[PDB]
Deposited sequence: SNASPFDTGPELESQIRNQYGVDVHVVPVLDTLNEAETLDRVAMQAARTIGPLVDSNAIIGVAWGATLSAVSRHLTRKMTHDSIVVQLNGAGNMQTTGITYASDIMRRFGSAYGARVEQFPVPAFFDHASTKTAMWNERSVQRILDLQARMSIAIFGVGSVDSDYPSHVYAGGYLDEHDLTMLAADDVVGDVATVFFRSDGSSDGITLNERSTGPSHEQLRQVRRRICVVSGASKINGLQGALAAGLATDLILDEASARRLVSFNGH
């Protein structure tokens, strides 16, 4: 093991150390964030394809990473499958609804799958709003679909103040540090040891519990950007992924 290790050698190290299947994408050390993600997203799309079948429910947690992934999907017709949105859209900036919808449409179009969206905002300002919304039939019918998902596809948020998705204000940011939060999947936060119990912000999240994710058959986790390794470490500690796609620089950090 050295700083000269090849992609395949890094895959072996991550497989053995973290117990997930992994694809390390070789990327020029000097490429920018967007271009690096584009290349990670291409490999992720290639990996996702074989895992999408007919008569299946595919859960997608939308975000910047998943948007890139959705642009690289290879057409592969299935029948009787559904793609379900795992987290809400529309934040305090009035951003997200179109973007999230476009992601879901790309997935639906690539696979000939019916699209099921989640009529809830990106995140809640108040836990009492979540409580209320989770008693709505319109919401519950989607929660039920999510519970039946065959595969889950997601990126990882990372706390290194502002946070990905633009749904938290500054005070919320101080809470995360208070609870040793390092990142999120589908807007559900976790600590460095992967734990997610007793996190105040999680009562305002629209995403599936980590317990629910861990019961899904295949969980495809896509990460780009080495400076976000804290989030990935936590997600792996939480056992959220079965399959991981990430860039070379991030993989080198991960084996460090």
Which residue ranges of the deposited sequence are not present in the modelled coordinates? 1-2, 163-167, 264-267
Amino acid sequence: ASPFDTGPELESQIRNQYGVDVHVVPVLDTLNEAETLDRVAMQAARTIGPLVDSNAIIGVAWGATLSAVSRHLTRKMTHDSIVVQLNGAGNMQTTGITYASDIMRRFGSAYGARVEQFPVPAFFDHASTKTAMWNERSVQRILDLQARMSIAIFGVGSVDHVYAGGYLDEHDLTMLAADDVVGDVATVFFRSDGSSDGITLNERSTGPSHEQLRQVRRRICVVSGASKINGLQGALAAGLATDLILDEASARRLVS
From here on, numbers count along this sequence of modelled residues.
Quick one: say whether 174-182 or 86-94 has the higher mean Cα B-factor in the deposited entry. 174-182
When the Cα temperature factors in the entry are averaged, is it 24-32 or 45-53 that ends up higher? 24-32
Per the deposited B-factor column, the C-alpha that peaks among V115, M149, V139, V162 belongs to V162
Sorting the chain's CA B-factors, does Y167 end up in the lowest, middle or highest third? highest
For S224, return the chain-relative third of its C-alpha B-factor as stated in the PDB record: lowest, middle or highest. middle
CA B-factor placement of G59, once the chain's modelled residues are sorted into thirds: lowest
Would the CA B-factor of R218 place it in the lowest, middle or highest third of its chain? lowest
Place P208 in the lowest, middle or highest third of its chain's C-alpha B-factors, as listed in the PDB entry. middle
